[PDB]
Amino acid sequence: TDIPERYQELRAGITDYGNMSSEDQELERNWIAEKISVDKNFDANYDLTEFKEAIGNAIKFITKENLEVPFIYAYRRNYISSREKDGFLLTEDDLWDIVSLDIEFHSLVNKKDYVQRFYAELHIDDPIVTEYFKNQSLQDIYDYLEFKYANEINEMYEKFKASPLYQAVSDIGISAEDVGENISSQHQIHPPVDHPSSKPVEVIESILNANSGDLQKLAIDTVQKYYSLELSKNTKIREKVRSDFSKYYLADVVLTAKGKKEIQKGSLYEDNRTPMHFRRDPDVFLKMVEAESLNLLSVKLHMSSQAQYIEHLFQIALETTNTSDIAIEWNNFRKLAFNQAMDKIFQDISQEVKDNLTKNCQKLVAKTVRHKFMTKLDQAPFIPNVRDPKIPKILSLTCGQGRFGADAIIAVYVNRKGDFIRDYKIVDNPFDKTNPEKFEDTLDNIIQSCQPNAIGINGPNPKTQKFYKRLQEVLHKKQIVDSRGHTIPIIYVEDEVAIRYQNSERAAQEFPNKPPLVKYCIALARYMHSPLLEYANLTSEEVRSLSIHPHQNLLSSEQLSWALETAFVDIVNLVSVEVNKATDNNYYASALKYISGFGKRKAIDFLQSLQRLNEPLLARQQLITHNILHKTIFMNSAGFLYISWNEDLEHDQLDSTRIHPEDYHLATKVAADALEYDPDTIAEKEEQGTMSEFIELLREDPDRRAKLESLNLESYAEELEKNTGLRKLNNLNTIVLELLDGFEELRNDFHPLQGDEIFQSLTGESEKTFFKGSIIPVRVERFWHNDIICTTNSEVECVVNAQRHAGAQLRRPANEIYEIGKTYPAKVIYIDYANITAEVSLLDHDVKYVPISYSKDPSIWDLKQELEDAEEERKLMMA
């Protein structure tokens, strides 16, 4: 039970997880180190022993100490890095790779040992099988044993061999094992033996009538079908074919009935592919596999030289020089059984390599989706002032449907606490030329009443730009400034979460009698306060259906959910969680399940335990003294949870700092050194147990900077390791760093929406539809003094220049030319995402054609097939 929830739920499948030997541990270490070294791209030896040592330390911390990756990277960082800076470093990604490799390695060795425990279960000692298990295709070994010792395993071809027909196989003059040994040995150590006196046909014709009881050309077909099985079962052959196949196979796409029919060469399926090529575009293979799953196209996997690879492994191994017809007949039977067995094995080996690639690429895409979600999460709370930042007073509002003077503008005010105070409604039209001052006055009255510090806006359509511009100019006109004396900043903010929130039931129970716009503005404000909490609050299916990566749907729920969980774990462990708030601010506490060493089963227990205590925690030790936590859980998480300090003397500064309890003593000792206490007073105070006085004396003095930074971290850390043996330089650095000011913000600055993303979020037209130099139908709606004003399908404003439609090219205005109701195709020439406007050409000169195309190399892309199918495209209409 004292095991991290994520590890517990992961280990639910495997069994005997901790059962590993010294040889297993070394093989695992060297292998995982090789895998990471390969991805790290080292040069020469690179002092590889130090790297493999760091790997050993990491795997020890993970597998045996049950430490989660955040704690390891935070407090155990120095053991996973070169003593010299920039030598090497294993990132969070590497640690997650390590844990994944660890679990798969344990499951693999478990199956390997199970087959060992099945072979030795028979107690037979075979030169091949016993040698094979020396090192530790496993399923090949299982099939080999079930085929070879079908009866020895019974107490613990099958029918064909019972009939006399096996005499033909016996008469072959060489066993399949001889050929397999030659192949694996790469040389003909076992030449075949000639058959001198009887052809297979003589045996068949003689036996069929003479053995009317056991045997009856169906007999020959039966022999051909069953003998090749022995060829297909040889491990030494299959292993070599499989390996060579997986090194350079080709994966050209083959279409079906829907090919070029359901795609219309106008979709993502518009694409001799190779495994290495997928290293850059691994999603392409997912597209291929998905199209195959939906019965669109089937990717065919084959070797570079299938015919040469098979025959070159046969003429050198089985060709017969005997001119006797018997030898010719037998050699032909060898060739037929050989090639048929090869064709039989190819389907299985293909499925094996196919699934292997599917898994590898799924993980590779999971990595990128994770990293993007990560950069979405790492966003500090917005700061209203860089000079003197304080929590900001916020007033959120939404443009609505954009119908100024209608669909009354909704606004909401939220205090620094993040609590909904009051929603407003400005029905006065900001654009009514009659009395604009009406709107400007009522708005100023709102600001005067709430005195907010920031304004956020996001709407469904481009009208939001006009709304924002008006708001900005009105603010400038009224000279609205904070006590800071400068104008209130106005920023465009993301709203995806706000849209999901207002539709979500949680918002309904939170605000049962409020319109959707109010709840949306509320979510916008909250997003302005803490994006981490917002993303955390989303539910499993809703966050999964969040548009994070275009091909996110390719990954199944397990891989995507796991990848997302890793990001929440990292980012939550990047900034501490105030347990005091976590006991009651359920919205703020729900992130606890992602804190290091917590989860569903234990989050509930922890929260309930705090409720039972009915008092605020005063020191981290209380979590263990009252037995609230268990040793492992506390070790894995005590460094992240924190207590906010105030000012009662029993409380400790360290309880408001992200220092693990293990380094509290170190903190006091280094503070003592930074205080230049006399060695004798150090010993006396220590024997007296008066360490806490040191940090208070440090807090008292004003020359904190001049005294603290004077300390050389390197000397202290080197002496610490020399005397104690530990390695904590970076930890000591974090100590001294946080000893200045508690809980400095680590997340990067807020990310206001700028340009492109503004237009994208406010319009809903993808760059595949509305881009520089696109042809799109436009709705000519208004005529101007010289130009024409049109609109797109998503209310995008487009200007048709007098000359861009031959209006200025000829005489007279064109207003009489164009009419409403007819769809006019046009070509956009310029786009201004910042200004949300475009310039379009309405002339067939350009408006009258394949802007998109993948690779067209005849090998990468089959141009021959496309050219042949061009006649189908021509005839398809009449076909």
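Residues numbered from 1 in each chain as written, not as in the entry; some residues may be left out. Heavy atoms only, no water. Residues with missing side-chain atoms left out of burial classes, pairs and counts.

Asks: Just checking my understanding: could you explain the overall build of the protein for this structure?
Replies: In terms of helices and strands, the protein carries 37 helices and 14 strands. The globule rule puts the C-alpha radius of gyration for 879 residues at 29 Å, and the 37 Å found for the protein is more than 25% above it. The principal-axis extent of the C-alpha atoms belonging to the protein is close to 115 × 100 × 50 Å. (Helix = DSSP H or I, 4+ residues; strand = E, 2+ residues; numbered from the N terminus. Rg over C-alpha atoms; globule rule 2.2 N^0.38 Å.)

Asks: Explanation requested: unusual backbone geometry in the structure shown.
Replies: With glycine set apart, most residues show a phi of negative sign, and most peptide bonds adopt trans. Here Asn627, not a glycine, exhibits a phi torsion of approximately 55°, which is positive. Among the secondary structure elements, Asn627 is positioned in the loop between α27 (622-625) and α28 (631-637). The class for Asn627 is exposed, based on a relative accessible area of 53%. Here the phi dihedral of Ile836 falls at roughly 50°; this positive angle occurs in a residue that is not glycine. In this structure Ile836 comes out as buried when scored by relative accessible area, which is 9%. (Buried < 20%, exposed > 50% of the residue type's maximum accessible area, 1.4 Å probe, protein only.)

Asks: I would appreciate a short explanation of the state of the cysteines in the present structure.
Replies: Each disulfide is one covalent bond, formed between the sulfur atoms of two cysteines. This model, assessed by the stated rule, comprises one disulfide. Here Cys790 is linked by a disulfide to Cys798, with a sulfur-sulfur distance of 2.0 Å. Assigned by exposure class, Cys790 and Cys798 land together as buried. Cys521 supplies the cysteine sulfur nearest to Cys450, a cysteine that is in no disulfide, at a spacing of 13 Å. Assessed through its relative accessible area of 6%, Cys450 is described here as buried. (Disulfide = S-S within 2.5 Å.)

Asks: Would you take a moment to explain the domain arrangement of the protein for this structure?
Replies: The extent of an interface is frequently quoted as the accessible surface area lost upon association of the parts. By the assigned domains, the protein splits into domain 1 (5-137) and domain 2 (138-369). A C-alpha centroid distance of 34 Å is found between domain 1 and domain 2. Taken together, the 15 residues of domain 1 in the interface contact 17 residues of domain 2. For the pair domain 1 and domain 2, the two sides together bury roughly 1,500 Å², of which 76% comes from carbon and sulfur. Joining domain 1 to domain 2, the criterion identifies two salt bridges. For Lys148, the salt bridge is made with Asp126, and the minimal N-O distance between the two is 2.4 Å. At the surface where domain 1 touches domain 2, the tally comes to seven residue pairs in polar contact. Broken down by secondary-structure element, the contributors of at least two residues to the side of domain 1 that touches domain 2 are α5 (92-122) and α6 (127-135). Sorting elements by how many residues they give to the side of domain 1 that touches domain 2 places α5 first, with eight residues. (Domains from an automatic or database assignment. Contact = heavy atoms within 4.5 Å. Buried area = accessible area lost by both parts, 1.4 Å probe. Salt bridge = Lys/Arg side-chain N within 4 Å of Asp/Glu carboxyl O. Polar contact = N/O pair within 3.5 Å; in protein donor to acceptor, adjacent residues only side chain to side chain.)

Asks: Help me understand the nonpolar core in this model?
Replies: The tendency in soluble globular proteins is for nonpolar side chains to be buried side by side. Counting residues in each nonpolar core, the largest one holds 147 residues, and the members touching the most others are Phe373, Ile595 and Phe606. The biggest single contributor to this core is helix α15 (residues 325-377), with 18 residues. In terms of domain composition, this core takes at least three residues from each of domain 1 (5-137) and domain 2 (138-369). Apart from the residues lying within four places of it in its own chain, the contact partners of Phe373 are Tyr535, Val543, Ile548, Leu564, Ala567 and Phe568. Grouped together as the second largest cluster of nonpolar side chains are 25 residues, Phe439, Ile455, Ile457 and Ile488 included. (Core = buried A, V, L, I, M, F, W, Y, C linked by side-chain atoms within 4.5 Å.)

Asks: It is not clear to me how the packing of helix α33 (residues 713-724) against helix α34 (residues 729-738) should be interpreted in this structure. Could you clarify?
Replies: Helix-helix packing: each pair is described by the crossing angle between the helix axes and the interaxial distance. Contact geometry for α33 and α34: axes closest at 9 Å, N-to-C directions at 135°. It follows that α33 is oblique to α34 by the angle criterion. Considering how the two elements wind past one another, α33 and α34 form a crossing that is right-handed. Facing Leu713, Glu714, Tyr716 and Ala717 of α33, the residues of α34 in contact are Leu729, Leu732, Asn733 and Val736. By residue class, the composition of the contact of α33 with α34 is six nonpolar, one polar and one charged. (Axes fitted to C-alpha atoms, helices over the stretch in contact; angles between N-to-C directions. Parallel < 35°, antiparallel > 145°, perpendicular 65-115°, else oblique. Left-handed = near helix turned anticlockwise from the far one by under 90°. Nonpolar A, V, L, I, M, F, W, Y, C, P; charged D, E, K, R; others polar.)

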